[PDB]
Amino acid sequence: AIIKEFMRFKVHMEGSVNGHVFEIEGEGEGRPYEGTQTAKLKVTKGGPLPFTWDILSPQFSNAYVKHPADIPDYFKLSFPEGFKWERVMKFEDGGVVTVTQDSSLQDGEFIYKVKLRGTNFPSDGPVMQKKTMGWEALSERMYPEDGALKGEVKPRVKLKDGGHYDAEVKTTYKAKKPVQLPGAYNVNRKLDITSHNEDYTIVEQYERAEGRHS
């Protein structure tokens with residue numbers, strides 16, 4: 001029931017995007033104090049998915065962010081009980097992804113349960129047409145509000161023909177028990193898909209994430 005220098009996680013997602021219903025199960029691992037982690041995800045129901053993996057990759061882990069020694073680490077402090085989060089991603093062309101997630105620590109591993117709903121993506125837009133090619137580095141501002149920790153960022157996905165496709169992402173993180181909130185700070189993140197099979201039914205990804213004073 002402590003957070004070791006190396007930790008595994010297991011994750012299950014139930015999702016629907018533009019009506020396409022699917023599930024994903026995955027196995028992750030990483031170094032929670034160093035802010036590095038990887039995961040191997042399998043689409044177990046509904047594959048192959050008719051849309052880009054890039055809208056799913058950010059839903060698969062803030063226990064693995066490296067925090068400065070003098071900032072309360074809300075995510076790590078929430079364990080072993082853990083924390084929940086609720087996210088809305090609004091994309092520039094009207095698509096919307098809503099996500100709810102539960103994180104806990106059971107028998108030495110983190111257990112993540114994700115529910116995702118995407119709607120209103122244009123049928124010929126970049127998400128449904130698999131035109132995106134991964135996230136640029138991003139900086140998420142975390143700030144305390146109403147006894148929870150909110151994060152906000154306007155991250156960008158690269159397009160295969162040279163553009164970018166923009167989103168506004170807002171997440172509320174809430175520990176299951178009351179834990180010390182930090183003052184506002186930033187989390188710098190780089191999320192990469194490192195391997196995948198042809199139809200993206202098996203995917204590996206990696207994230208490096210580090211908190212910094214603002």
Side-chain angles (χ1 to χ4, degrees), residues 9-26 28 39 41-65 74-75 78 82-104 110-132 134-136 138-157 164-176 187 189 191 193 200-201 203 205 207 209:
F9 69 83
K10 302 292 189 281
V11 60
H12 177 256
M13 173 187 281
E14 291 169 348
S16 176
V17 168
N18 269 32
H20 187 88
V21 178
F22 62 94
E23 294 187 17
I24 289 165
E25 290 182 8
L41 296 314
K42 300 201 179 158
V43 180
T44 48
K45 295 188 177 168
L49 305 182
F51 58 81
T52 184
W53 189 264
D54 292 332
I55 63 167
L56 305 184
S57 59
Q59 324 311 341
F60 303 114
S61 185
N62 286 336
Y64 298 77
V65 172
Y74 188 71
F75 310 103
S78 81
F83 66 101
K84 292 177 175 284
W85 53 266
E86 295 192 339
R87 173 172 289 170
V88 179
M89 308 182 77
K90 293 181 178 185
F91 289 86
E92 57 167 281
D93 63 351
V96 178
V97 171
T98 55
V99 193
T100 55
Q101 197 266 18
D102 187 289
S103 297
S104 58
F110 295 118
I111 295 304
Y112 295 166
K113 298 174 209 99
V114 191
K115 293 170 176 219
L116 179 148
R117 182 171 165 87
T119 64
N120 301 109
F121 287 104
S123 66
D124 63 341
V127 165
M128 305 310 294
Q129 293 302 320
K130 298 165 69 167
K131 196 164 184 266
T132 59
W135 296 95
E136 293 281 15
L138 62 141
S139 190
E140 185 177 8
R141 166 186 173 68
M142 296 294 188
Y143 64 100
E145 182 178 294
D146 300 331
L149 186 63
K150 291 181 104 170
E152 75 169 7
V153 56
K154 284 186 189 197
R156 293 207 299 186
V157 85
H164 284 87
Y165 174 61
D166 292 339
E168 300 181 338
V169 178
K170 289 177 171 55
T171 308
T172 299
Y173 303 99
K174 302 186 166 162
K176 293 166 184 183
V187 179
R189 307 181 179 274
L191 174 61
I193 291 175
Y200 294 81
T201 50
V203 179
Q205 52 181 76
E207 196 202 19

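Along the sequence shown, residues are numbered consecutively beginning with 1. Just so you know, these numbers use all the heavy atoms, side chains as well, and skip hydrogens, waters and symmetry mates.
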Above 12 or not: heavy atoms from other molecules or residues under 6.0 Å from [atom1] of [X]?
| X | atom1 | answer |
| --- | --- | --- |
| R117 | CZ | no |
| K131 | NZ | yes |
| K10 | NZ | yes |

Do the side chain of [X] and the main chain of [Y] share a donor and acceptor less than 3.5 angstrom apart?
| X | Y | answer |
| --- | --- | --- |
| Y74 | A175 | yes |
| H20 | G46 | yes |
| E23 | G15 | no |

So, using salt bridge (charged side-chain N to carboxylate O under 4.0 Å, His left out) as the criterion, who are the partners of [X] when residues are at least two apart?
| X | value |
| --- | --- |
| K42 | none |
| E86 | none |
| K90 | none |
| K154 | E168 |

Considering all heavy atoms of both residues, which atom of [X] and which atom of [Y] are nearest to each other, and what is their separation?
| X | Y | answer |
| --- | --- | --- |
| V153 | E140 | CB-CA, 3.9 Å |
| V187 | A209 | CG1-CB, 4.1 Å |
| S123 | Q129 | O-NE2, 2.7 Å |
| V157 | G134 | CG2-O, 3.2 Å |
| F9 | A39 | CZ-CB, 3.9 Å |
| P48 | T201 | CA-CG2, 3.8 Å |

Checklist entry - Which is it for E136 and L138 under the side-chain contact (heavy atoms from CB on, under 4.5 Å) test, yes or no, and what are the steps along the way? => result CA-CA 6 Å; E136 293 281 15; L138 62 141; over 6 Å; no

Give, for atom [atom1] of [X] and atom [atom2] of [Y], the distance between the pair rounded to the nearest 0.5 Å.
| X | Y | atom1 | atom2 | answer |
| --- | --- | --- | --- | --- |
| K45 | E14 | NZ | CD | 7.5 Å |
| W85 | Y112 | CH2 | OH | 10.0 Å |
| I24 | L49 | CD1 | CG | 5.5 Å |
| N18 | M128 | CG | CE | 4.5 Å |
| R189 | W135 | CZ | CH2 | 12.0 Å |
| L41 | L56 | CG | CG | 8.5 Å |

Checklist entry - What residues, two or more places apart in sequence or in another chain, satisfy ring-ring contact (aromatic ring centres under 6.0 Å, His included) together with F75? => result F83, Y173

Item to check | Sequence neighbours excluded, every pair satisfying salt bridge (charged side-chain N to carboxylate O under 4.0 Å, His left out) that has a member inside residues 46-64 | outcome: none

Next on the checklist: Give me each pair satisfying salt bridge (charged side-chain N to carboxylate O under 4.0 Å, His left out) with a member in residues 120-129, each pair once, sequence neighbours excluded.
Outcome noted: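 The answer is none; no pair qualifies.
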
Please enumerate all residues that pass side-chain hydrogen bond (donor to acceptor under 3.5 Å, both in side chains) together with [X], with sequence neighbours excluded.
| X | answer |
| --- | --- |
| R156 | none |
| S103 | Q101 |
| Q59 | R87 |
| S104 | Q106 |

Is any side-chain heavy atom of [Y] closer than 4.5 Å to one of [X]?
| X | Y | result |
| --- | --- | --- |
| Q205 | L191 | yes |
| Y64 | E207 | no |
| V65 | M142 | no |

Checklist entry - Would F91 and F121 count as a ring-ring contact (aromatic ring centres under 6.0 Å, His included) if you check the C-alpha gap in whole Å, the side-chain angles of each, and the deciding distance to 0.1 Å? => result CA-CA 9 Å; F91 289 86; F121 287 104; 5.4 Å; yes

Item to check | side-chain hydrogen bond (donor to acceptor under 3.5 Å, both in side chains) contacts touching residues 143-152 (sequence neighbours left out) | outcome: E145-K150

Next on the checklist: Using the rule given for side-chain contact (heavy atoms from CB on, under 4.5 Å), can you reason through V43 versus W53, listing the C-alpha separation, both sets of side-chain angles and the distance that settles it, and then say yes or no?
Outcome noted: CA-CA 11 Å; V43 180; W53 189 264; 3.9 Å; yes

